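J.: Compact mmCIF, C-alpha atoms and all ligand atoms, saved as entry_1.txt, coming up:
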```txt
# COMPACT_ATOMS: atom_id res chain seq x y z
CA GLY A 2 -13.90 -6.58 7.98
CA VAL A 3 -15.42 -9.60 9.71
CA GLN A 4 -12.70 -12.23 10.23
CA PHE A 5 -14.41 -15.12 8.41
CA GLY A 6 -11.20 -16.35 6.78
CA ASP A 7 -10.25 -19.42 8.81
CA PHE A 8 -13.82 -20.68 9.17
CA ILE A 9 -15.33 -20.59 5.70
CA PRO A 10 -14.54 -22.62 2.57
CA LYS A 11 -12.47 -20.74 -0.01
CA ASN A 12 -10.45 -21.65 -3.08
CA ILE A 13 -7.32 -20.35 -4.74
CA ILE A 14 -8.17 -19.44 -8.33
CA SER A 15 -5.78 -18.66 -11.17
CA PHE A 16 -5.77 -15.45 -13.22
CA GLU A 17 -6.48 -17.51 -16.34
CA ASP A 18 -9.67 -18.90 -14.81
CA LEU A 19 -10.70 -15.28 -14.14
CA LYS A 20 -10.31 -14.43 -17.83
CA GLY A 21 -13.34 -12.85 -19.47
CA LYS A 22 -15.16 -12.15 -16.21
CA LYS A 23 -16.62 -8.77 -15.31
CA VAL A 24 -16.22 -7.74 -11.67
CA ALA A 25 -17.42 -4.99 -9.36
CA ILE A 26 -14.46 -3.50 -7.51
CA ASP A 27 -14.97 -2.30 -3.95
CA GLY A 28 -13.39 1.09 -4.58
CA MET A 29 -12.80 2.25 -1.01
CA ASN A 30 -11.40 -1.13 0.00
CA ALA A 31 -9.09 -1.03 -3.01
CA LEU A 32 -7.88 2.52 -2.34
CA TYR A 33 -7.10 1.71 1.31
CA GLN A 34 -5.28 -1.41 0.07
CA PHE A 35 -3.12 0.68 -2.31
CA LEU A 36 -2.28 3.18 0.43
CA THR A 37 -1.16 0.35 2.71
CA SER A 38 0.80 -1.82 0.22
CA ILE A 39 2.10 0.60 -2.45
CA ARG A 40 4.86 2.19 -0.37
CA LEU A 41 8.60 2.88 -0.35
CA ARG A 42 11.35 0.77 1.23
CA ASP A 43 10.97 2.60 4.54
CA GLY A 44 7.22 1.99 4.57
CA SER A 45 6.59 5.54 3.40
CA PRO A 46 3.76 6.24 0.89
CA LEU A 47 4.40 7.21 -2.71
CA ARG A 48 4.27 11.00 -3.18
CA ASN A 49 4.72 13.51 -5.99
CA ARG A 50 7.28 16.33 -5.71
CA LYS A 51 4.77 18.56 -3.92
CA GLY A 52 4.60 16.01 -1.13
CA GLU A 53 1.15 14.78 -2.15
CA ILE A 54 0.42 11.06 -1.86
CA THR A 55 -0.03 9.20 -5.19
CA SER A 56 -0.08 5.57 -3.99
CA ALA A 57 -3.79 5.36 -4.77
CA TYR A 58 -3.43 6.81 -8.26
CA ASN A 59 -0.67 4.23 -8.90
CA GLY A 60 -2.91 1.31 -7.95
CA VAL A 61 -5.98 2.63 -9.80
CA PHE A 62 -3.98 3.05 -13.03
CA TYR A 63 -1.67 0.03 -13.11
CA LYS A 64 -3.93 -2.45 -11.33
CA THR A 65 -6.90 -1.64 -13.61
CA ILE A 66 -4.76 -2.10 -16.73
CA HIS A 67 -3.39 -5.39 -15.34
CA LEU A 68 -6.93 -6.78 -15.09
CA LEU A 69 -7.87 -5.60 -18.59
CA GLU A 70 -4.72 -7.21 -19.94
CA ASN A 71 -6.15 -10.46 -18.59
CA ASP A 72 -9.61 -9.85 -20.09
CA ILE A 73 -11.17 -8.93 -16.73
CA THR A 74 -13.54 -5.97 -17.14
CA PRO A 75 -13.77 -3.96 -13.92
CA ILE A 76 -16.43 -1.51 -12.82
CA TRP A 77 -15.33 0.59 -9.85
CA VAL A 78 -17.82 1.05 -7.02
CA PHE A 79 -17.47 3.99 -4.60
CA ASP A 80 -19.28 4.95 -1.40
CA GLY A 81 -22.16 7.42 -1.39
CA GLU A 82 -22.56 11.02 -0.18
CA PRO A 83 -20.75 11.34 3.18
CA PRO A 84 -23.30 13.96 4.33
CA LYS A 85 -26.25 11.73 3.44
CA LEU A 86 -25.89 7.96 3.08
CA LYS A 87 -29.05 6.64 4.72
CA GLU A 88 -29.48 3.43 2.57
CA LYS A 89 -33.18 2.86 1.90
CA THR A 90 -33.81 1.07 5.15
CA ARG A 91 -30.95 2.98 6.91
CA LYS A 92 -32.30 6.14 8.57
CA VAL A 93 -34.29 4.94 11.61
CA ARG A 94 -31.28 5.30 13.90
CA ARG A 95 -27.85 6.69 13.05
CA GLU A 96 -25.05 6.45 10.50
CA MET A 97 -22.79 8.15 13.03
CA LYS A 98 -23.34 10.13 16.26
CA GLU A 99 -24.92 13.24 14.74
CA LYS A 100 -28.49 12.80 16.00
CA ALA A 101 -27.53 11.42 19.42
CA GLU A 102 -24.82 12.42 21.95
CA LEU A 103 -22.04 14.28 19.95
CA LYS A 104 -21.55 17.23 22.46
CA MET A 105 -22.74 20.72 22.07
CA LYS A 106 -21.03 23.21 24.35
CA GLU A 107 -18.92 26.33 23.94
CA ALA A 108 -15.27 25.25 23.95
CA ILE A 109 -13.71 27.34 21.15
CA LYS A 110 -10.76 27.87 23.52
CA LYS A 111 -7.29 26.77 22.30
CA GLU A 112 -8.44 23.17 22.87
CA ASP A 113 -10.81 23.92 19.98
CA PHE A 114 -8.24 25.23 17.51
CA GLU A 115 -5.64 22.57 18.21
CA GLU A 116 -8.77 20.60 17.43
CA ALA A 117 -9.68 23.07 14.66
CA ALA A 118 -6.58 21.48 13.23
CA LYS A 119 -7.74 18.11 14.53
CA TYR A 120 -10.53 16.84 12.22
CA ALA A 121 -8.82 16.35 8.87
CA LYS A 122 -6.68 13.33 9.74
CA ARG A 123 -8.85 10.47 10.98
CA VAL A 124 -10.17 10.55 7.43
CA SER A 125 -6.78 8.79 7.03
CA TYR A 126 -4.54 9.48 4.04
CA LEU A 127 -7.68 8.71 1.94
CA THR A 128 -9.30 12.11 1.70
CA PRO A 129 -12.41 13.06 -0.30
CA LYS A 130 -10.10 14.99 -2.67
CA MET A 131 -7.95 11.92 -3.26
CA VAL A 132 -11.08 9.79 -3.80
CA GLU A 133 -12.36 12.43 -6.21
CA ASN A 134 -8.99 12.40 -8.00
CA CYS A 135 -9.25 8.61 -8.40
CA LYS A 136 -12.72 8.98 -9.92
CA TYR A 137 -11.33 11.59 -12.32
CA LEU A 138 -8.50 9.28 -13.39
CA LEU A 139 -10.93 6.40 -14.04
CA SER A 140 -12.90 8.80 -16.21
CA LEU A 141 -9.77 9.67 -18.21
CA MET A 142 -8.93 5.99 -18.46
CA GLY A 143 -12.38 5.26 -19.88
CA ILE A 144 -13.18 2.94 -16.96
CA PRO A 145 -16.77 2.89 -15.66
CA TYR A 146 -17.62 3.59 -12.01
CA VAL A 147 -20.73 3.88 -9.87
CA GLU A 148 -21.32 6.09 -6.89
CA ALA A 149 -23.40 3.96 -4.54
CA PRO A 150 -26.24 5.55 -2.54
CA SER A 151 -24.47 4.33 0.64
CA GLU A 152 -21.91 1.55 1.26
CA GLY A 153 -20.13 0.54 -1.94
CA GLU A 154 -19.91 -3.09 -0.82
CA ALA A 155 -23.70 -3.26 -0.81
CA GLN A 156 -23.88 -1.71 -4.30
CA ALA A 157 -21.25 -4.09 -5.66
CA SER A 158 -22.91 -7.10 -4.05
CA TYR A 159 -26.21 -6.04 -5.61
CA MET A 160 -24.58 -5.78 -9.01
CA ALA A 161 -23.12 -9.27 -8.61
CA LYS A 162 -26.45 -10.77 -7.52
CA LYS A 163 -28.11 -9.17 -10.55
CA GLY A 164 -25.59 -10.85 -12.81
CA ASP A 165 -24.14 -7.67 -14.25
CA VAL A 166 -20.81 -8.78 -12.79
CA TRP A 167 -19.43 -12.19 -11.80
CA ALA A 168 -18.06 -11.18 -8.39
CA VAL A 169 -17.16 -8.40 -5.97
CA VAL A 170 -13.47 -7.67 -5.75
CA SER A 171 -12.32 -6.87 -2.24
CA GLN A 172 -9.90 -7.84 0.56
CA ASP A 173 -12.85 -8.12 2.98
CA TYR A 174 -15.41 -10.95 3.20
CA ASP A 175 -18.26 -8.57 4.08
CA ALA A 176 -19.84 -8.64 0.58
CA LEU A 177 -21.04 -12.19 1.33
CA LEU A 178 -23.27 -10.74 4.09
CA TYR A 179 -25.09 -8.65 1.50
CA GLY A 180 -25.78 -11.77 -0.50
CA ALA A 181 -22.90 -11.40 -2.96
CA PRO A 182 -22.70 -14.77 -4.77
CA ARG A 183 -18.90 -14.49 -5.12
CA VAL A 184 -16.05 -12.47 -3.71
CA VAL A 185 -12.55 -12.53 -5.16
CA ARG A 186 -9.65 -11.54 -2.91
CA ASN A 187 -6.01 -10.69 -3.64
CA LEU A 188 -6.48 -8.96 -6.98
CA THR A 189 -5.70 -5.45 -5.67
CA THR A 190 -2.89 -7.08 -3.65
CA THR A 191 -1.02 -10.13 -4.96
CA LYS A 192 1.13 -11.21 -2.03
CA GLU A 193 -1.00 -14.32 -2.10
CA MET A 194 -2.92 -16.01 -4.86
CA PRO A 195 -6.36 -14.82 -5.96
CA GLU A 196 -8.97 -16.30 -3.67
CA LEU A 197 -12.56 -17.01 -4.63
CA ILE A 198 -15.29 -17.45 -2.04
CA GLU A 199 -18.69 -18.63 -3.27
CA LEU A 200 -21.57 -17.83 -0.92
CA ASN A 201 -23.51 -21.00 -1.79
CA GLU A 202 -20.49 -23.21 -1.10
CA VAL A 203 -20.04 -21.54 2.30
CA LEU A 204 -23.69 -22.03 3.24
CA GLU A 205 -23.92 -25.61 1.98
CA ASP A 206 -20.64 -26.56 3.67
CA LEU A 207 -21.45 -24.95 7.02
CA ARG A 208 -25.11 -26.01 6.75
CA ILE A 209 -26.41 -22.50 7.48
CA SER A 210 -28.46 -19.82 5.74
CA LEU A 211 -27.40 -16.28 4.78
CA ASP A 212 -29.41 -14.98 7.75
CA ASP A 213 -27.43 -17.42 9.97
CA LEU A 214 -24.12 -16.11 8.56
CA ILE A 215 -25.19 -12.54 9.28
CA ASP A 216 -25.97 -13.64 12.83
CA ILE A 217 -22.49 -15.12 13.19
CA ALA A 218 -20.96 -11.87 11.87
CA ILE A 219 -22.97 -9.84 14.38
CA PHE A 220 -21.73 -12.06 17.28
CA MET A 221 -18.16 -11.53 16.04
CA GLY A 222 -18.79 -7.84 15.46
CA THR A 223 -19.61 -5.74 12.41
CA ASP A 224 -18.83 -2.10 11.59
CA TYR A 225 -22.28 -1.49 13.05
CA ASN A 226 -21.51 -3.18 16.39
CA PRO A 227 -17.69 -3.26 16.71
CA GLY A 228 -16.42 -5.78 19.24
CA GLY A 229 -19.53 -7.92 18.75
CA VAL A 230 -21.07 -9.90 21.62
CA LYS A 231 -18.77 -10.19 24.64
CA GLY A 232 -16.38 -13.10 24.36
CA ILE A 233 -17.83 -14.83 21.30
CA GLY A 234 -15.83 -15.89 18.26
CA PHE A 235 -16.83 -17.76 15.11
CA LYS A 236 -17.00 -21.24 16.65
CA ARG A 237 -19.15 -20.28 19.65
CA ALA A 238 -21.40 -18.12 17.48
CA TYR A 239 -21.77 -20.93 14.90
CA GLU A 240 -22.56 -23.21 17.84
CA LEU A 241 -25.35 -20.88 18.99
CA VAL A 242 -26.66 -20.64 15.42
CA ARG A 243 -26.78 -24.42 14.87
CA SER A 244 -28.60 -24.78 18.18
CA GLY A 245 -31.27 -22.39 16.96
CA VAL A 246 -30.82 -20.02 19.90
CA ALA A 247 -28.84 -17.24 18.14
CA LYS A 248 -31.70 -14.88 17.33
CA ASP A 249 -32.90 -14.85 20.95
CA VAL A 250 -29.37 -14.23 22.22
CA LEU A 251 -28.79 -11.46 19.69
CA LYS A 252 -32.04 -9.71 20.54
CA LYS A 253 -30.88 -9.61 24.17
CA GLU A 254 -27.20 -8.81 23.59
CA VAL A 255 -27.24 -6.44 20.60
CA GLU A 256 -29.20 -3.20 20.63
CA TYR A 257 -30.52 -2.36 17.14
CA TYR A 258 -30.13 -6.02 16.18
CA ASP A 259 -33.10 -5.75 13.77
CA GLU A 260 -31.66 -2.50 12.42
CA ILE A 261 -28.24 -4.03 11.77
CA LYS A 262 -29.87 -6.99 10.04
CA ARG A 263 -31.84 -4.68 7.73
CA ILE A 264 -28.66 -2.90 6.68
CA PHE A 265 -27.40 -6.14 5.10
CA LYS A 266 -30.79 -7.43 3.91
CA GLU A 267 -32.32 -4.22 2.50
CA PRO A 268 -29.56 -1.81 1.53
CA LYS A 269 -30.17 1.20 -0.70
CA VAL A 270 -28.96 0.29 -4.17
CA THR A 271 -29.07 1.90 -7.63
CA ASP A 272 -29.50 0.72 -11.21
CA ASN A 273 -28.03 3.90 -12.70
CA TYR A 274 -24.66 2.87 -14.06
CA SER A 275 -23.03 1.52 -17.19
CA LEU A 276 -20.47 -1.25 -17.57
CA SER A 277 -19.48 0.19 -20.93
CA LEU A 278 -15.81 1.10 -21.44
CA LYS A 279 -14.63 4.28 -23.20
CA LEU A 280 -11.44 4.97 -25.15
CA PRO A 281 -8.87 6.55 -22.79
CA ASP A 282 -7.88 10.22 -22.93
CA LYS A 283 -4.15 9.63 -23.32
CA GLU A 284 -3.22 13.32 -23.08
CA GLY A 285 -5.25 13.98 -19.96
CA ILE A 286 -3.87 10.88 -18.25
CA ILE A 287 -0.28 11.93 -18.95
CA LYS A 288 -0.99 15.45 -17.72
CA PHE A 289 -2.50 14.22 -14.47
CA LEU A 290 -0.04 11.34 -13.85
CA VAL A 291 3.23 12.64 -15.29
CA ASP A 292 2.73 16.40 -15.25
CA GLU A 293 0.85 16.87 -12.01
CA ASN A 294 1.86 13.73 -10.15
CA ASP A 295 5.38 12.93 -11.28
CA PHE A 296 4.80 9.45 -12.68
CA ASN A 297 7.46 8.30 -15.16
CA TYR A 298 6.51 9.51 -18.65
CA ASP A 299 7.91 6.49 -20.49
CA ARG A 300 6.08 3.94 -18.35
CA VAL A 301 2.86 5.96 -18.33
CA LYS A 302 3.00 6.50 -22.10
CA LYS A 303 3.50 2.80 -22.83
CA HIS A 304 0.61 2.07 -20.49
CA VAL A 305 -2.00 4.47 -21.91
CA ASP A 306 -1.02 3.09 -25.34
CA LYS A 307 -1.65 -0.43 -24.05
CA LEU A 308 -4.90 0.67 -22.35
CA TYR A 309 -6.25 2.29 -25.51
CA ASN A 310 -5.56 -0.81 -27.62
CA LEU A 311 -7.18 -3.12 -25.07
CA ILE A 312 -10.36 -1.05 -24.85
CA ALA A 313 -10.48 -0.55 -28.63
CA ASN A 314 -10.26 -4.29 -29.15
CA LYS A 315 -12.81 -4.84 -26.39
CA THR A 316 -14.84 -2.16 -28.15
MG MG A 401 -16.53 -3.38 5.94
MG MG A 402 -17.15 -0.27 2.09
```
Re-express the file's structure as structure tokens.
T.:
Amino acid sequence: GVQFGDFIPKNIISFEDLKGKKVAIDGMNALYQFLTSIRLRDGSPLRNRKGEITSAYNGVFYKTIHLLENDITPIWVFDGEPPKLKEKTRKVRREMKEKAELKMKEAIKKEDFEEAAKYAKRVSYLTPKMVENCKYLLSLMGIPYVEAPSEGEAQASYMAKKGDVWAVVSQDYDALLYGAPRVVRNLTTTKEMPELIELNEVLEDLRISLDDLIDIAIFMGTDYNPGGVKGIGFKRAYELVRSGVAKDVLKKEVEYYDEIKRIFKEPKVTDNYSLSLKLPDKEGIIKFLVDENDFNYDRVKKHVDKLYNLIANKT
């Protein structure tokens, strides 16, 4: 996401100081994280005997239990319906290139079949099936999840602002742009220590408003305007913001500036979800993990036993 890291205040926090907090996990960010970091010695992903990747299932299972063991109650947040994701104020223009220039012409020729074998790949190793399988596993584990109307980071941020959860868990800083009061990094990955970023601290320290921060992100470049504004990094953007000339510059330099701003300010969110935990289906977990995905029975068994006890106590 936006490379805010070096320019915003952040603090290393211990796992103990995270004890008892409820958090909204950015599901897609977490799953991509697992695929990247849960690999073999040769950098190859974890797979079952059928050659299917299980890296994501490994992180979902073990990472979720790790948090619960430390009294951190997670609620997984996933992205909305790929076909339709227009988030309340997110339909005016596009969510891709469907409406506008996407090219309609007869080209079924070989270049279309080598291509008709060239569409299921850029969806990375994280396929809808895999994402669906992760949702299934969370269900068996008794862990609550929400399917956001659109971007999961907006849903999670909303949940944090509401106070249903203490922070958004992700490796990206982007939740701050949606008004998330707190983001906690390095929980799904522990190379480095957990890192807590508080939005209010960032704003007070930099002496800027949330709208200013969104402006800086747009200069740098968001998923909605990759590459940002020609030759402008954090410092120059922050300079333009403090001078009070950012909004004029952005209106000139970024088409759909007002549209991009609305995405962060008025996303489509939902209140239909529960943070309640359910006792885990031990047998179904073992079938899916051990039987169908070749996880080690012993380790899995000890873990579903631990999971059940934790939830029971919590419940
Ligand atoms: Mg992002
Ligand atoms: Mg996202």
J.: List all protein, DNA and RNA residues that have an atom no more than 8 Å from any atom of ligand MG 401 (chain A), counting all atoms listed in the file, and report them as a ChimeraX atom specification.
T.: /A:2-3,154,173,175,223-224
J.: What does the list of residues within 7 Å of ligand MG 402 (chain A) look like if you count only C-alpha atoms and all ligand atoms, written as a ChimeraX atom specification?
T.: /A:27,29-30,80,152-154
J.: Go through A:126, A:137, A:8, A:58 one by one, measure the shortest atom-to-atom distance of each to residue 301 of chain A using all atoms listed in the file, and give the residue with the smallest value.
T.: A:58
J.: Each residue of segment 195-287 of chain A lying at most 10 Å from segment 64-76 of chain A should get a row with its shortest atom-to-atom pair and the distance in Å to one decimal, counting all atoms listed in the file; could you produce that, ordered by chain and increasing number, as a tab-separated table?
T.:
```
residue	atom	partner	partner_atom	distance
A:274	CA	A:76	CA	9.4
A:275	CA	A:76	CA	8.5
A:276	CA	A:76	CA	6.2
A:277	CA	A:76	CA	8.8
A:278	CA	A:74	CA	8.6
```
J.: When you look at residue 28 of chain A with a cut-off of 7 Å (counting only C-alpha atoms), what residues show up, excluding the ones that are within fewer than 4 positions of it in the same chain? I need them as a list in words.
T.: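 Here the answer would be residues 32, 77, 78 and 79 of chain A.
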J.: Using all atoms listed in the file, which residues of segment 129-186 of chain A come within 8 Å of segment 267-272 of chain A, and what is the closest atom pair for each, with the distance in Å to one decimal? Give it as a Markdown table, sorted by chain and residue number.
T.:
```
| residue | atom | partner | partner_atom | distance |
| --- | --- | --- | --- | --- |
| A:149 | CA | A:270 | CA | 6.7 |
| A:150 | CA | A:270 | CA | 6.1 |
| A:151 | CA | A:269 | CA | 6.6 |
| A:155 | CA | A:268 | CA | 6.5 |
| A:156 | CA | A:270 | CA | 5.5 |
| A:159 | CA | A:270 | CA | 7.1 |
```
J.: Since the input lacks atoms, please generate N, CA, C and O atoms for segment 283-300 of chain A and provide them as a CSV table (one decimal), in the frame of the given file.
T.:
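Contents of the output file selection32.csv:
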```csv
chain,number,residue,atom,x,y,z
A,283,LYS,N,-5.6,9.7,-23.5
A,283,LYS,CA,-4.2,9.6,-23.3
A,283,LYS,C,-3.5,10.9,-22.8
A,283,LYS,O,-2.7,10.9,-21.9
A,284,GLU,N,-3.8,12.0,-23.5
A,284,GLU,CA,-3.2,13.3,-23.1
A,284,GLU,C,-3.6,13.8,-21.7
A,284,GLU,O,-2.7,14.3,-21.0
A,285,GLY,N,-4.8,13.6,-21.3
A,285,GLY,CA,-5.2,14.0,-20.0
A,285,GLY,C,-4.6,13.1,-18.9
A,285,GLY,O,-4.3,13.5,-17.8
A,286,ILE,N,-4.5,11.8,-19.2
A,286,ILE,CA,-3.9,10.9,-18.2
A,286,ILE,C,-2.4,11.3,-18.0
A,286,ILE,O,-2.0,11.3,-16.8
A,287,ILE,N,-1.7,11.5,-19.1
A,287,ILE,CA,-0.3,11.9,-19.0
A,287,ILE,C,-0.1,13.2,-18.2
A,287,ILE,O,0.8,13.4,-17.4
A,288,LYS,N,-1.0,14.2,-18.4
A,288,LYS,CA,-1.0,15.4,-17.7
A,288,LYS,C,-1.2,15.2,-16.2
A,288,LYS,O,-0.4,15.7,-15.4
A,289,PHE,N,-2.2,14.5,-15.9
A,289,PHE,CA,-2.5,14.2,-14.5
A,289,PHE,C,-1.4,13.4,-13.8
A,289,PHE,O,-0.9,13.8,-12.8
A,290,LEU,N,-1.1,12.2,-14.4
A,290,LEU,CA,0.0,11.3,-13.8
A,290,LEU,C,1.4,11.8,-13.9
A,290,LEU,O,2.1,11.9,-12.9
A,291,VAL,N,1.9,12.2,-15.1
A,291,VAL,CA,3.2,12.6,-15.3
A,291,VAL,C,3.4,14.1,-14.9
A,291,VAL,O,4.1,14.4,-14.0
A,292,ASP,N,2.6,15.0,-15.5
A,292,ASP,CA,2.7,16.4,-15.2
A,292,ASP,C,2.4,16.8,-13.8
A,292,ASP,O,3.3,17.4,-13.1
A,293,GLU,N,1.2,16.5,-13.4
A,293,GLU,CA,0.8,16.9,-12.0
A,293,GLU,C,1.2,15.9,-10.9
A,293,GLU,O,1.2,16.3,-9.7
A,294,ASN,N,1.5,14.7,-11.2
A,294,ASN,CA,1.9,13.7,-10.2
A,294,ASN,C,3.2,13.0,-10.2
A,294,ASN,O,3.5,12.1,-9.5
A,295,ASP,N,4.0,13.5,-11.1
A,295,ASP,CA,5.4,12.9,-11.3
A,295,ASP,C,5.6,11.4,-11.6
A,295,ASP,O,6.5,10.8,-11.1
A,296,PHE,N,4.6,10.8,-12.3
A,296,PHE,CA,4.8,9.4,-12.7
A,296,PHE,C,5.8,9.5,-13.8
A,296,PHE,O,6.1,10.6,-14.4
A,297,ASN,N,6.5,8.4,-14.1
A,297,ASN,CA,7.5,8.3,-15.2
A,297,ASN,C,6.8,8.4,-16.5
A,297,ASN,O,5.9,7.5,-16.8
A,298,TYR,N,7.1,9.3,-17.3
A,298,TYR,CA,6.5,9.5,-18.6
A,298,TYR,C,6.5,8.3,-19.5
A,298,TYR,O,5.5,7.8,-20.0
A,299,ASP,N,7.7,7.7,-19.7
A,299,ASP,CA,7.9,6.5,-20.5
A,299,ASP,C,6.9,5.4,-20.1
A,299,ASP,O,6.2,4.9,-20.9
A,300,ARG,N,7.0,5.0,-18.8
A,300,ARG,CA,6.1,3.9,-18.4
A,300,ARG,C,4.6,4.3,-18.5
A,300,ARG,O,3.8,3.4,-19.0
```
